[PDB]
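Taking it in order: structure first as structure tokens, then the write-up.
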Amino acid sequence: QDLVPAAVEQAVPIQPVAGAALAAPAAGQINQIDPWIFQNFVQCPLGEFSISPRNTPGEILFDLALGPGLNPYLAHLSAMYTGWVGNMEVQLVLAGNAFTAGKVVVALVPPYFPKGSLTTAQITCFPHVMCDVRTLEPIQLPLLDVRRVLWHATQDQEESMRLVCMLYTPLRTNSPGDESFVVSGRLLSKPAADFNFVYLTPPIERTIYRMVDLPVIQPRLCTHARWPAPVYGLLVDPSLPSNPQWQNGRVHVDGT
Amino acid sequence: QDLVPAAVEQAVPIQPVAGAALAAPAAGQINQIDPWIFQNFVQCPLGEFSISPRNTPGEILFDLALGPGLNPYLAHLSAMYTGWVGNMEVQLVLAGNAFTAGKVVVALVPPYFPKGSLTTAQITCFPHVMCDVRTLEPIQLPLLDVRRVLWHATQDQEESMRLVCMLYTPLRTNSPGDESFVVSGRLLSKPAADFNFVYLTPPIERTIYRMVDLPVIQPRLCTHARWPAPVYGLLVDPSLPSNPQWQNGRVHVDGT
Amino acid sequence: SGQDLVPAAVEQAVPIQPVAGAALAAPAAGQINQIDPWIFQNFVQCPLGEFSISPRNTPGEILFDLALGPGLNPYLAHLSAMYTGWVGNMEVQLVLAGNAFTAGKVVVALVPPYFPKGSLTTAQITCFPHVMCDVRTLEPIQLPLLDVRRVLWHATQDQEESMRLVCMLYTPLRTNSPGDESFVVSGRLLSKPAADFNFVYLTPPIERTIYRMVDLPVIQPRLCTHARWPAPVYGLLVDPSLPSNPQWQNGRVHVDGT
Amino acid sequence: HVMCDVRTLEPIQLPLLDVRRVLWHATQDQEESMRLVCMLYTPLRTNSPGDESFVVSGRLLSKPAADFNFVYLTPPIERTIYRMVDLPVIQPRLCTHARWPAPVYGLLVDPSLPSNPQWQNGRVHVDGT
Amino acid sequence: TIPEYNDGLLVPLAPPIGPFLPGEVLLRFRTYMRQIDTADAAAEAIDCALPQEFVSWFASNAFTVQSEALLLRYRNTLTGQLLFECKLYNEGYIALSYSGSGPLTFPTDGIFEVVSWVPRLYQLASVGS
Ligand SMILES: C[C@H](CCC(=O)NCCS(=O)(=O)O)[C@H]1CC[C@H]2[C@@H]3[C@H](O)C[C@@H]4C[C@H](O)CC[C@]4(C)[C@H]3C[C@H](O)[C@]12C
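Each protein sequence line maps, in turn, to chains A, B, C, D and E.
The entry's author numbering runs 18 ahead of the 1-based position in the first sequence.
The entry's author numbering runs 18 ahead of the 1-based position in the second sequence.
The entry's author numbering runs 16 ahead of the 1-based position in the third sequence.
The entry's author numbering runs 145 ahead of the 1-based position in the fourth sequence.
The entry's author numbering runs 403 ahead of the 1-based position in the fifth sequence.
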């Protein structure tokens with residue numbers, strides 16, 4: 019005779035994936051990192067999202083990917099090294115009232131899972147953690163390093179273990195409340211015990227995983243990009259054409 | 019095979035810094051303090067702040083500094099002694115509803131970190147503790163004694179481990195509520211196991227770390243500071259010139 | 017290969033005791049901080065690690081003058097955006113291996129902290145622990161760089177008083193070679209942290225640090241715009257028959273921004 | 146790296162290791178493998194009579210280490226990727242012209258004509274485009 | 404509006420500046436030109452998405468993207484007042500969640516500061532006319 023307690027409900031289980039033990043006989047070097055980078059949860063560069071009451075269940079609030087671009091220390095250190103291998107650990111914080119009532123479900127989608135569009139019933143089929151927006155304490159997950167190759171290169175066109183988050187039940191207020199009350203969220207990450215880089219190069223170039231930085235130029239000290247004259251104002255207007263088809267002064271953020 | 023529990027989220031880790039063990043062969047004396055000053059959390063002199071809904075994320079709600087001016091007992095005892103060395107321990111209490119929804123993040127900024135202005139993504143890169151305004155129980159941190167010199171002097175123009183607090187996600191009410199509902203906070207501090215002073219002097223003078231005290235003089239028993247006549251009233255008026263440029267009756271609180 | 021050169025300038029017993037690195041600053045920082053054990057394994061060239069001795073130089077000229085720090089290593093000048101502090105020694109190699117016909121001697125000193133900066137004449141650079149090395153030496157000259165310091169660690173902002181390593185042209189550079197050319201020995205500087213270098217307190221890695229050598233834009237100088245008249249640039253050139261030191265006023269900016 | 150003086154006697158021997166993400170490599174698909182890059186560190190200081198101008202030559206020569214291996218015997222193919230460009234064994238006088246349908250009557254250099262023409266026939270890439 | 408690029412025919416050209424989430428308008432940079440005008444006397448305002456020093460500073464250092472937008476944070480350099488918060492979409496244009504009716508001009512002596520990468524669905528704090 020046993021007792022089945024009616025409240026545990028959490029703790030995603032893992033099987034340890036090998037880190038440098040597979041990479042070692044094929045990498046030239048296996049480069050440790052500071053033993054104190056594993057101790058703190060620092061905010062992911064993409065660690066930003068919001069859950070509004072106009073989101074429908076199924077919406078994917080964020081979709082990360084296991085890399086060293088999930089930690090501002092590993093995104094820095096990953097300019098000296100040529101490739102990484104190892105696990106990580108994420109936690110998210112959600113800032114909601116005791117009025118908002120939804121549940122999100124953070125899933126660990128493997129690599130090479132067909133990148134189409136998951137439904138709401140298929141997200142709970144992965145190692146997941148379910149959490150509502152009223153929790154006070156941050157909830158955490160192990161982002162493991164399922165991979166086919168022995169180590170990854172810090173040029174991310176390789177597939178890696180994703181972290182997908184779906185709005186599972188719709189966000190709605192226990193009270194009448196406001197319809198413009200967004201639930202801000204944040205992500206925070208840190209290496210797990212088995213992370214380390216591979217091959218010391220020079221700090222290579224500008225980089226990838228380098229955060230966009232804007233020039234310290236007040237807009238009045240700028241130049242218009244459709245006429246040879248300085249910028250003479252900033253505005254927003256819903257009455258003008260919403261989607262113009264300008265041709266000059268257009269550019270991606272990757273330079274093309 | 020392991021289980022990674024989906025809720026721990028806290029407990030900042032430390033490496034013990036040496037207290038009197040470094041200071042001992044260079045101080046003339048090493049002066050213990052009452053063994054019961056380490057047992058109670060008493061309110062910091064600067065232990066006051068408020069989080070309003072008109073604060074934008076990034077605002078620094080408070081910025082302390084490891085000293086003996088963080089505890090009304092060590093600010094008293096520090097008039098007999100000439101310098102201190104040792105750790106401390108802080109806790110803050112936040113008084114919010116189950117309507118307010120923000121998160122603050124209390125960080126341990128080291129000394130000689132360039133005193134400019136931290137952003138919201140850089141505050142989580144320090145040993146931090148994240149906490150929302152709906153917690154019922156007070157949350158605590160170790161304020162360690164990272165230092166270059168062997169001990170500090172109780173004349174604080176030396177740099178010491180700061181404690182910075184930023185509004186991390188904006189404060190907004192789960193309900194319509196009120197837009198003038200401020201979330202009062204309070205700080206409370208106590209020595210950790212490794213605090214002790216250095217060199218017994220006389221209770222030196224007035225002091226520094228001496229709390230400002232105002233004369234017990236009802237304003238009708240005062241004198242105007244721009245005319246030789248008694249004070250004949252108190253008022254506030256938004257219609258008069260907001261920022262006059264008076265020249266008499268002006269003085270700092272440090273006497274200049 | 018020929019050995020009509022100087023075999024090796026093997027570091028003389030410079031009069032200096034051993035200096036403690038991270039063993040003094042370890043019980044005063046609240047973290048356990050280690051740096052990659054492979055950074056200690058190869059000598060990489062300094063950021064300021066390129067000089068040259070021509071025969072137009074005179075005895076006394078200061079060839080290089082580089083303070084002990086993390087600015088002496090491309091690896092550690094990059095790692096020092098995440099930390100606030102450092103301690104420890106460095107090992108510097110000096111690569112001058114000039115022609116077989118050149119002649120001359122440089123003297124590398126070990127200037128302590130707080131020594132006034134400025135002149136440092138040739139009569140007094142020998143009063144410091146020094147190494148007098150010929151500019152023909154083949155094998156590199158390992159020479160230490162100790163962390164003589166008054167405090168436990170230094171902050172990674174250059175206002176620190178730290179031990180310099182001055183090099184001074186001691187005797188002038190000449191050549192026996194019979195033909196119409198004086199070679200210009202061009203040395204280099206390689207460096208690697210000693211066994212107990214260490215950084216102190218992990219902090220947010222900010223790019224706008226006192227290190228981070230200048231970068232220029234990757235844009236061709238023919239798509240660039242002019243800085244004295246509103247037009248493109250139609251060709252850069254060098255002309256010796258013009259006003260050599262002009263007093264223009266536009267397009268004139270320090271490198272430090274102002 | 147390895148820093149070699151120009152005036153060394155015996156040849157500098159150094160390895161070229163197989164750092165890889167995968168177990169083996171495929172011979173018919175150029176992939177990413179370790180490079181040797183050689184750079185001029187400090188410049189060359191010598192005399193020079195009047196001609197030639199004394200260039201220091203250098204040559205790289207390789208052999209397999211003790212643990213090189215191929216993987217799986219297939220039937221040999223002829224359209225591989227390590228197949229050097231060979232040319233037709235045909236004298237130009239027997240050829241045919243590319244811009245006008247006639248035989249070719251003489252090959253010559255001529256520094257007088259437009260040095261950079263923009264012809265549109267007889268243009269091809271050695272890679273077959 | 405698009406001028407005549409061919410004489411009467413269609414050409415390749417950049418796509419329209421969109422799309423936006425429900426509630427977002429287009430942040431416009433505004434400069435005034437020289438105009439020959441017979442009757443009116445107002446200023447001829449032309450609007451762009453990004454000024455120069457932003458089209459340079461792109462295509463000089465080539466960034467990656469890592470997400471669908473950048474959350475900028477315009478704040479005045481004096482007193483640190485937060486003017487607004489905008490999304491620089493990866494196609495080089497700024498959206499700003501403004502639900503008013505008429506225009507709303509901001510001061511031009513602040514500095515944009517990149518805060519983070521935000522997904523396409525992120526919901527900006529409204530600005531108040
Ligand atoms: C003369 C300007 C209108 C004519 C125009 O648009 N262009 C003329 C030559 S150019 O294409 O600007 O190169 C007017 C309209 C906008 C004006 C500006 C704007 O009013 C903004 C500031 C306002 C200050 O009070 C005066 C300078 C100023 C910077 C103005 C200078 C100048 O009087 C401007 C530029």
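The beta-carbon is built from N, C-alpha and C at its ideal position, and this holds for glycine as well.
- Item | Contact test: E/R437 Cβ vs ligand 1 heavy atom, cutoff 6 Å | yes
- A/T118 versus E/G411: straight-line alpha-carbon distance, rounded: 57 Å
- Which of helix, strand or coil does DSSP assign to E/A417? coil
- Message: Using 7 Å as the threshold, is the C-beta distance between C/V151 and C/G114 below it?
- Response: yes
- Query: What separation, rounded to the nearest whole angstrom, lies between the Cα atoms of B/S193 and B/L154?
  - Reply: 19 Å
- Kindly examine ligand 1 and report whether one of its heavy atoms sits closer than 6 Å to the Cβ of D/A243. no
- Please list the partners that B/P23 has in chain A, where partner means a Cβ-to-Cβ separation under 7 Å. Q28, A29
- Message: On the CB-based measure, 16 or more other CB atoms within 10 Å of its CB, does A/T219 come out buried or exposed?
- Response: exposed
- To the nearest angstrom, report how far apart C/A83 and C/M179 are at their CA atoms. 6 Å
- Message: Along the stretch 126–146 of chain B, where does the CB come closer than 9 Å to a CB of chain E? Name the residues.
- Response: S135, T137, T138, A139
- Query: Can you tell which of B/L232, B/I157, B/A39 has the C-alpha that lies nearest to the C-alpha of B/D163?
  - Reply: B/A39
- Query: Going by the beta-carbon positions, is the gap between E/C489 and E/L475 smaller than 7 Å?
  - Reply: yes
- Query: Is any heavy atom in ligand 1 found nearer than 6 Å to the beta carbon of A/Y250?
  - Reply: yes
- Three CB pairs or more closer than 8 Å across the stretch 135–143 of chain A and the stretch 61–68 of chain A: no
- Are the CB atoms of C/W169 and C/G101 nearer to each other than 7 Å? yes
- For B/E77, which option in B/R238, B/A116, B/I141 has the closest C-alpha, if you only look at C-alpha atoms? B/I141
- Hey, is D/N266's beta-carbon within less than 7 Å of any beta-carbon in chain C? no
- Item | Cβ-Cβ separation, A/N73 to A/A210 (assumed contact under 8 Å), whole Å | Going by Cβ atoms, the distance from A/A210 to A/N73 rounds to 31 Å, so no, they are not a contact pair.
- Message: Please report whether the beta-carbon of D/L154 lies at a distance below 7 Å from any beta-carbon of chain C.
- Response: yes
- Message: I'd like the span of the beta strand (DSSP E) that includes A/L206, first residue to last.
- Response: 201–209
- Query: Would you say the beta carbon of E/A445 comes nearer than 6 Å to a heavy atom of ligand 1?
  - Reply: no
- Would you mind telling me which residues of chain A sit closer than 8 Å to B/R72, beta carbon to beta carbon, in chain order? The premise fails here: B/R72 is roughly 17 Å from chain A at the closest Cβ pair, so nothing lies under 8 Å.
- Item | Residues, ordered as in the chain, of the stretch 473–502 of chain E that lie near chain B by beta-carbon distance below 7 Å | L485
- Message: Check whether chain D comes within 7 Å of A/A44, counting only Cβ atoms and requiring the distance to be less than that.
- Response: yes
- Among C/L161, C/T172, C/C240, C/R190, which has the Cα closest to the Cα of C/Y250? C/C240
- Take B/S202 as the anchor and find which of B/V111, B/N89, B/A36, B/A25 has the nearest alpha-carbon. B/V111
- Pull up the CB-CB distance for A/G37 and A/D212, whole angstroms please, since I reckon it's below 8 Å. 3 Å
- Query: So the beta strand (DSSP E) A/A125 belongs to, where does it begin and stop?
  - Reply: 118–125
- Task: Return yes when at least one heavy atom of ligand 1 lies under 6 Å from the C-beta of A/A41, else no.
- Result: no
- Item | Cβ contact check for the stretch 417–430 of chain E and the stretch 259–266 of chain A: 3 or more pairs under 8 Å | yes
- Query: Exposed or buried, which one is A/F80 when buried takes at least 16 other CB atoms within 10 Å?
  - Reply: buried
- Query: Are the C-beta of A/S202 and some C-beta of chain B separated by less than 7 Å?
  - Reply: yes
- Would you say A/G120 reaches chain E, if we count a Cβ-Cβ gap shorter than 7 Å as a contact? no
- Task: Let me know the secondary structure DSSP gives A/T142 once reduced to three states.
- Result: helix
- Quick one: Cα of A/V124 to Cα of E/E427, how far? 28 Å
- Between C/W169 and chain B, is there a C-beta pair that is closer than 7 Å? yes
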